[PDB]
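Have a look at the structure below before the remarks.
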Amino acid sequence: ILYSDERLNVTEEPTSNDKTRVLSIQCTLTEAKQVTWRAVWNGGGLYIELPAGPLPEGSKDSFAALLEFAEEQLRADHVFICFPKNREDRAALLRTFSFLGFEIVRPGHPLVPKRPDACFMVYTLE
């Protein structure tokens with residue numbers, strides 16, 4: 001099931017009556033920016049994973065908007081945003097998002113704890 005709203009179209013891909021699920025959110029260049037996003041649903045919170053998307057050349061107001069909509073429907077709060085470290089982008093990203101009151105953490109895999117260089121952020125009903 002996929003619906004399209006104001007320049008935003010999402011497709012929900014559930015799996016069984018348990019466990020996590022997979023969802024895709026596509027945002028159009030409403031403000032001159034179009035990117036394909038990938039988000040996985042984990043429990044009562046939304047998860048955002050950036051496999052390979054244009055980090056730079058994007059505003060911050062757009063991100064906040066998509067966050068408000070998703071939270072409305074899902075009615076959740078625990079939203080996480082994880083993206084790589086291209087060059088000059090994560091700085092301002094936290095500068096604004098910090099207005100919410102999230103926590104900064106880094107990924108740690110049993111094989112490769114730190115190396116991929118992926119900034120992970122986790123926030124909940126503040």
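Ligands are numbered from 1 in the order shown, chains are lettered A, B, ... in the order of the structure tokens, and residues start at 1 in each chain.
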Residue 18 in chain A: which residues within 12 Å, counting only C-alpha atoms, same-chain residues fewer than 4 positions away excluded, as a ChimeraX atom specification? /A:14,41-43
Per DSSP on the backbone, filter range 55-123 of chain A down to the residues in strand (DSSP E) and report them as a ChimeraX atom specification. /A:79-83,103-105,119-123
Minimum-distance residue to residue 100 in chain A, chosen among A:19, A:7, A:78, A:114 (using only C-alpha atoms): A:78
Which one is closest to residue 67 in chain A: A:12, A:97, A:86, A:44? Count only C-alpha atoms. A:97
Shell around residue 121 in chain A at 12 Å using only C-alpha atoms, local window under 4 positions removed, as a short mmCIF file (atom, residue, chain, number, x, y, z; two decimals) with N, CA and C atoms, in the first residue's frame:
data_model
loop_
_atom_site.label_atom_id
_atom_site.label_comp_id
_atom_site.auth_asym_id
_atom_site.auth_seq_id
_atom_site.Cartn_x
_atom_site.Cartn_y
_atom_site.Cartn_z
N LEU A 46 10.14 5.02 14.54
CA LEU A 46 10.55 5.05 13.15
C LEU A 46 12.07 5.06 13.03
N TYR A 47 12.59 4.28 12.09
CA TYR A 47 14.03 4.20 11.86
C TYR A 47 14.39 4.71 10.47
N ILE A 48 15.44 5.52 10.39
CA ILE A 48 15.88 6.07 9.11
C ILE A 48 17.32 5.66 8.81
N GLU A 49 17.51 4.99 7.67
CA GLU A 49 18.84 4.54 7.27
C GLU A 49 19.18 5.05 5.87
N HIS A 78 9.90 7.98 18.92
CA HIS A 78 11.27 7.49 18.81
C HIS A 78 11.73 7.47 17.36
N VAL A 79 12.28 8.58 16.91
CA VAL A 79 12.77 8.70 15.55
C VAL A 79 14.29 8.74 15.53
N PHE A 80 14.89 7.93 14.66
CA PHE A 80 16.34 7.88 14.56
C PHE A 80 16.79 8.21 13.14
N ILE A 81 17.89 8.95 13.03
CA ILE A 81 18.43 9.33 11.74
C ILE A 81 19.91 8.96 11.66
N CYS A 82 20.26 8.11 10.71
CA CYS A 82 21.64 7.68 10.55
C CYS A 82 22.12 7.87 9.12
N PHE A 83 23.19 8.65 8.96
CA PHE A 83 23.75 8.92 7.64
C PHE A 83 25.28 8.91 7.69
N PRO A 84 25.93 8.66 6.55
CA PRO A 84 27.40 8.63 6.47
C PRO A 84 28.02 9.99 6.74
N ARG A 90 26.95 16.96 8.41
CA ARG A 90 26.52 16.44 9.71
C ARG A 90 26.58 17.52 10.78
N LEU A 93 23.59 19.70 10.55
CA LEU A 93 22.48 18.78 10.76
C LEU A 93 22.13 18.68 12.25
N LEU A 94 23.15 18.48 13.07
CA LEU A 94 22.95 18.36 14.52
C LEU A 94 22.66 19.72 15.14
N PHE A 97 18.72 20.03 14.36
CA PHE A 97 18.02 18.91 14.99
C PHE A 97 18.18 18.95 16.51
N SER A 98 19.27 19.55 16.97
CA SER A 98 19.54 19.65 18.41
C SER A 98 18.42 20.39 19.13
N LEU A 100 15.51 19.78 19.17
CA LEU A 100 14.56 18.81 19.70
C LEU A 100 15.04 18.26 21.04
N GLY A 101 16.28 17.79 21.08
CA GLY A 101 16.83 17.25 22.31
C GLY A 101 17.15 15.77 22.19
N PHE A 102 17.79 15.39 21.09
CA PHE A 102 18.16 14.00 20.86
C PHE A 102 19.55 13.70 21.43
N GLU A 103 19.99 12.45 21.28
CA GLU A 103 21.30 12.04 21.77
C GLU A 103 22.16 11.53 20.62
N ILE A 104 23.44 11.89 20.63
CA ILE A 104 24.36 11.46 19.58
C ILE A 104 25.11 10.19 19.97
N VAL A 105 25.06 9.20 19.10
CA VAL A 105 25.73 7.93 19.33
C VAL A 105 26.32 7.38 18.04
N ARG A 106 27.26 6.46 18.17
CA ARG A 106 27.91 5.86 17.02
C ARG A 106 27.61 4.36 16.95
N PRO A 107 27.56 3.79 15.73
CA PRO A 107 27.27 2.37 15.53
C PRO A 107 28.41 1.48 16.03
#
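With distances taken over only C-alpha atoms, A:25 is the one residue among A:118, A:40, A:25, A:35 lying closest to residue 9 in chain A.
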Which residue is closest to residue 71 in chain A? Choose from A:124, A:96, A:26, A:59 and count only C-alpha atoms. A:124
